[PDB]
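**Student:** give me a 3D structure for the following:
(chains A and B, ligands or ions: 4)
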Number of protein chains: 2
Amino acid sequence: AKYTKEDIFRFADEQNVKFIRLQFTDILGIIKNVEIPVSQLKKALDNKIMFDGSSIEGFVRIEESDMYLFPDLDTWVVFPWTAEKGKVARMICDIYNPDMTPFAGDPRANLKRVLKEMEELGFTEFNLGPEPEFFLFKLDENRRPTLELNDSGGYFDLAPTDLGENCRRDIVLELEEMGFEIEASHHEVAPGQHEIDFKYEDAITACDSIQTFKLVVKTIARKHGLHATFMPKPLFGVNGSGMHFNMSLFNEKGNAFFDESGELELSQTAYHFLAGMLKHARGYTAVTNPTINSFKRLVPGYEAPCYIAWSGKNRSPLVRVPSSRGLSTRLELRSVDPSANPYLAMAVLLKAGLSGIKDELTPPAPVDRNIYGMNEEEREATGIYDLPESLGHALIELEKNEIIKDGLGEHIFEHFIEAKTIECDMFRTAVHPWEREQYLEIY
Amino acid sequence: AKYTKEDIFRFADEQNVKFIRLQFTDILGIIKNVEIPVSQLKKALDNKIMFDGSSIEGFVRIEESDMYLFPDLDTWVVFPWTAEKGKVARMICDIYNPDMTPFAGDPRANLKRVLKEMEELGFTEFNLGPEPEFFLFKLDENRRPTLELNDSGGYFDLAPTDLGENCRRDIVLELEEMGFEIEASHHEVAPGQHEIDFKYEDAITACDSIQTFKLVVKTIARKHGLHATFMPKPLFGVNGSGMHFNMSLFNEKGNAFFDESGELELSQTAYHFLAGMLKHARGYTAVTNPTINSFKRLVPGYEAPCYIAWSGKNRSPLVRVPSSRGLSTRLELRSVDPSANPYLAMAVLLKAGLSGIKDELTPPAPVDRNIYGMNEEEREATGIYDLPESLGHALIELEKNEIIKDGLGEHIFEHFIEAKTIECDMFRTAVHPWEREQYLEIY
Ligand SMILES: [Mg+2]
Ligand SMILES: [Mg+2]
Ligand SMILES: [Mg+2]
Ligand SMILES: [Mg+2]
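**Tutor:** Numbering: from 1, shown residues only, chains lettered A, B, ... in the order given. Ligands and ions are numbered 1, 2, ... in the order given. Below you will find the coordinate block:
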């Protein structure tokens, strides 16, 4: 109980907020909210706010249903970019049915249910540290994004320098002032691409931090006359954007992935988690990469994980184990992209990993032979397998796998497949300028 | 023997040709030629012309190999649009290895081999009548195609009218003057789309007529300041272009598909051919639709065949049997598009149909229930199956089927597979403006 009702009332009185955003996330990952005056703060705290519940279902909404908007007190945050005409505050809200039951279609409720399963299994918390990457594009005269980048930087380069602008520095400063924990920020290898690293907190707080980070980055980029994009592959021939998850499992004693007497300073729980992640990776590749553009990033190379393997020496595997040990022991999954929904992503990941522990699966031997060059026979000889190359194959894998369905729940599962198949069918029937430019003259 | 060497020499002397195009077709269907003066007509007739044989292999050429260019006398044609500075003539040429053997990679030689198999099986000829459809686009200031059509016509509409222009009428008149047999021409349902129907001749002559028709249509359009396109789906939301094949099998007695005492006035040979076509349709869908844009035309509707069924009453099936009987009895395949290679198309079709006759397969019962609306269970209850929805699945079906491989030969099979896989990989890794407009601002 970080905050209480009286604390929220006192904060609203003493920083004098007049606008409150009760925000939530739908299946597609779009940040949605209802906006109320500060005079209705009491009604929000009393959990009596109605809203059109079909909104969270996305564009496939059919039947309107009124449902509650139970908020969370620990997520009270006041934005500074509010001028003098009243402050603005946001609160992450749970979705509840009118019968005082959490909605099955709410990703946050699904993540809470999966975390409850973890806790009743024997663990305490599921820490996550994400490393999102975003692109910045110069706006046009009509406040429209262009295809030109703000600077021609490089990997870890000091590209934006100083003396005003430097949107990454301003974003980091605003996030720090607002009350977020930032480890480090740098320039990614692609021009105009930046990465900001976060500390390690709980899974739900990790989702809240990710969503708030997306909102803040978009707002600050817009205010500086730029456009912030989290699409994985904005341009061809340019490196994509990733959101690598550094995740660790904790118990009553402490870190469950650390053991000084084990191989690689890893506990058997860590190996079971690795086996669970590797076995079902093809299953949840769709959840971790929900957009068509996402699979354009997953191409064979030296930085895009398109194989199913784990390593700790050669790096660039599907799952990488950082050299740090002790309380910082963790397993990194590099196939996640910023367009993914964090709630569903760690829901399916936790389920897969925990199933690997329940089944006590033995992970395959790590590969440190730089798996990009070996022949197809060599890859087939080892347990190396490729991730799905398109959204449709990933959707088929989802429809085949059953554990990921349980981790996602029912309602979320059917809604996700429905919306994704519509997006896939829309992409399939479209005619692109590539086909015209390479067949109009030839044929 | 329609023509002899002396006849060719006399023609060259009396219409005074000075430019000769020894033209041939590669695997991809692109019309290629070598151009020689009339003084070298003797060397061409002596079958002593060398050329870089790796050209017919396409862009996947690796090793240069010199090989002969044995021409065909029956295809001597003189173009009229040659002004006064000498006429131009073309001759379809077979590809021969330096050891006096036909090249395995020549589509025409493969078709000749398949026809030899047919003849030794007991049949005489394989008549074909194609119905190609093409689009006309207005050129820009820099002689570049635009996205605007020449007229907003309709199905069978009298759109181009008269008083000059009317590129379809001029094309038909030039083709008739040149010595081709034209049944009828009309305006297709899409704006700016025209269809010209041909008579029924032998398969090799059908290929020659199709290639000459493509060349003539392109040339006349260019002269009239327009661009002729055979790409199946130039625009989204606009009907595609088809090249329906009306094919019949002949024997010593006459038409092998006609029998007054049989059901539907059809012989058992016709039913065996139908069964062979239906069984392997998924196999040769790739050959009949060799481009990525081709499968954008094969979408569920009322005019695009995306199902595997035959009918003669409801129309719009995969294979339609026209009501005409007697010597005009024929089976129409509607899945072919103008971008396909006619040689490979009828090679695989003849093989499939003849295999159905050899195996005496019984075709499934025809469906006249307008197969667009019945539920998926209803379609599954009947032997209705869908054609491959993408080029990759069609390539997989080709790699699985063995009869189509025999019909294509070895060299053609591997070269086609390599080229199509390269093209599919290029399409897969590209980033299209659709993705940007759908995820850039959203994510
Ligand atoms: Mg990075
Ligand atoms: Mg990382
Ligand atoms: Mg037609
Ligand atoms: Mg037709």
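**Student:** buried set for the longest strand seen in chain A?
**Tutor:** Longest strand of chain A, by residue count under DSSP state E: strand A:17-25. Residues A:17, A:19-25 are the ones in strand A:17-25 that count as buried (16 or more other Cβ atoms under 10 Å in any protein chain shown). Every residue, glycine included, has its C-beta placed from N, CA and C.
**Student:** tell me how far the helix or strand following that strand lies from the chain's centre.
**Tutor:** Next in sequence after strand A:17-25, counting helices and strands by DSSP states H and E, comes strand A:31-37. Averaging C-alpha positions (Cα atoms, centre = their mean, to the nearest Å) puts strand A:31-37 21 Å from its chain's average.
**Student:** show me what strand A:31-37 is packed against.
**Tutor:** strand A:17-25, helix A:203-223 (3 or more Cβ pairs under 8 Å, 6 or more residues apart in numbering or on different chains; DSSP states H and E).
**Student:** rewinding a little: of the buried residues of strand A:17-25, closest to ligand 4?
**Tutor:** Sorting the buried residues of strand A:17-25 by distance to ligand 4 puts residue A:25 at the head of the list, at 51.7 Å, by Cβ to the ion.
**Student:** mind listing what that closest one touches?
**Tutor:** Going by Cβ atoms under 8 Å, 6 or more residues apart in numbering or on different chains, residue A:25 touches A:31-32, A:107-108, A:207, A:211, A:341, A:343.
**Student:** would you format those as JSON lines with distance to ligand 2 included?
**Tutor:** Shown next, in JSON lines, are those (distance: Cβ to the ion, whole Å):
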{"residue": "A:31", "distance to ligand 2": "24"}
{"residue": "A:32", "distance to ligand 2": "29"}
{"residue": "A:107", "distance to ligand 2": "23"}
{"residue": "A:108", "distance to ligand 2": "25"}
{"residue": "A:207", "distance to ligand 2": "18"}
{"residue": "A:211", "distance to ligand 2": "20"}
{"residue": "A:341", "distance to ligand 2": "19"}
{"residue": "A:343", "distance to ligand 2": "20"}
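**Student:** endpoints of stretch A:30-45, how far apart?
**Tutor:** Stretch A:30-45 stretches 24 Å from its first residue to its last (Cα to Cα, to the nearest Å).
**Student:** please identify the buried residues of stretch A:34-47?
**Tutor:** Neighbour-count burial for stretch A:34-47, counted by 16+ other Cβ under 10 Å, picks out A:34, A:36, A:38, A:41, A:44-45.
**Student:** need the contact partners of it.
**Tutor:** A:5, A:8-9, A:12, A:17-22, A:49, A:51, A:68-71, A:86, A:91, A:96.
**Student:** before we move on, what about stretch A:257-269?
**Tutor:** Applying Cβ under 8 Å, 6+ apart, the set of residues contacting stretch A:257-269 is A:248-249, A:256, A:270, A:273, A:312, A:321, A:325-327, A:329-331, A:357.
**Student:** just the element for residue A:380, please.
**Tutor:** Going by DSSP H and E, residue A:380 is part of helix A:376-381.
**Student:** is any residue of that helix near chain B?
**Tutor:** No: legend: contact between helix A:376-381 and chain B by Cβ under 8 Å from any Cβ of the partner chain is lacking; minimum distance shown is 13.4 Å.
**Student:** against residue A:204, how distant is residue A:295?
**Tutor:** 28 Å (Cβ to Cβ, to the nearest Å).
**Student:** how many other residues sit next to the residue in chain A that ligand 2 sits nearest to?
**Tutor:** In chain A, the residue that lies nearest ligand 2 is residue A:244 (3.1 Å; Cβ to the ion). Counted with other Cβ atoms under 10 Å in any protein chain shown, the neighbours of residue A:244 add up to 20.
**Student:** what about stretch A:193-208, near chain B?
**Tutor:** No: figure legend: stretch A:193-208 not in contact with chain B (Cβ under 8 Å from any Cβ); closest approach 14.2 Å.
**Student:** in that stretch, what counts as buried?
**Tutor:** Applying 16+ other Cβ under 10 Å to stretch A:193-208 flags A:193-198, A:200-208 as buried.
**Student:** and which of those residues is nearest residue B:398?
**Tutor:** residue A:193 (40.4 Å; Cβ to Cβ).
**Student:** counting neighbours, what do you get for residue A:122?
**Tutor:** The burial count for residue A:122: 12, using other Cβ under 10 Å.
**Student:** who touches the residue nearest to residue A:299 when sequence neighbours are not counted in this structure?
**Tutor:** Nearest non-adjacent residue to residue A:299, counting by Cβ to Cβ, 6 or more residues apart in numbering or on different chains: residue B:429, 5.8 Å away. Applying Cβ under 8 Å, 6+ apart to residue B:429 gives the contacts A:236, A:296, A:299.
**Student:** just those now: which is nearest chain B?
**Tutor:** residue A:236 (4.3 Å; Cβ to the nearest Cβ).
**Student:** now the two most distant members of the contacts of residue A:25.
**Tutor:** Longest span within the contacts of residue A:25, Cβ to Cβ: A:32 and A:207, 14.4 Å.
**Student:** roughly how far does the closest residue to residue A:178 other than its chain neighbours sit from residue A:185?
**Tutor:** Using Cβ to Cβ, 6+ apart and skipping residues adjacent in sequence, the residue nearest residue A:178 is residue A:77, 6.4 Å away. To residue A:185, residue A:77 is 20 Å away according to Cβ to Cβ.
**Student:** among the helices and strands packed on strand A:31-37, which comes closest to ligand 4?
**Tutor:** strand A:17-25 (51.7 Å).
**Student:** before we move on, what SS does residue A:42 have?
**Tutor:** Secondary structure state of residue A:42, per DSSP: H, G, I helix; E, B strand; the rest coil, is helix.
**Student:** next one: it from residue A:239, what distance?
**Tutor:** Distance, residue A:42 to residue A:239, using Cβ to Cβ: 50 Å.
**Student:** do the same with residue A:379
**Tutor:** 24 Å.
**Student:** likewise for residue A:269?
**Tutor:** 34 Å.
**Student:** higher neighbour count, the two?
**Tutor:** Comparing residue A:269 with residue A:239 by other Cβ under 10 Å, the one with more neighbours is residue A:269, at 22 against 18.
**Student:** and the gap between the more buried one and residue A:113?
**Tutor:** Distance from residue A:269 to residue A:113, counting by Cβ to Cβ: 22 Å.
**Student:** can you check residue A:246 too?
**Tutor:** For residue A:246, the distance to residue A:113 - Cβ to Cβ - is 24 Å.
**Student:** now do the phi/psi pair for residue A:53.
**Tutor:** Torsion angles at residue A:53 (phi, psi; degrees, to the nearest 10) stand at phi -70, psi -20.
**Student:** residues touching it, list them.
**Tutor:** A:64-67, A:95, A:103.
**Student:** can you report how many residues neighbour the closest residue to ligand 4 within the stretch 251-400 of chain A?
**Tutor:** Nearest residue of the stretch 251-400 of chain A to ligand 4 (Cβ to the ion) works out as residue A:392 at 31.0 Å. Here the number of neighbours of residue A:392 (other Cβ under 10 Å) works out to 20.
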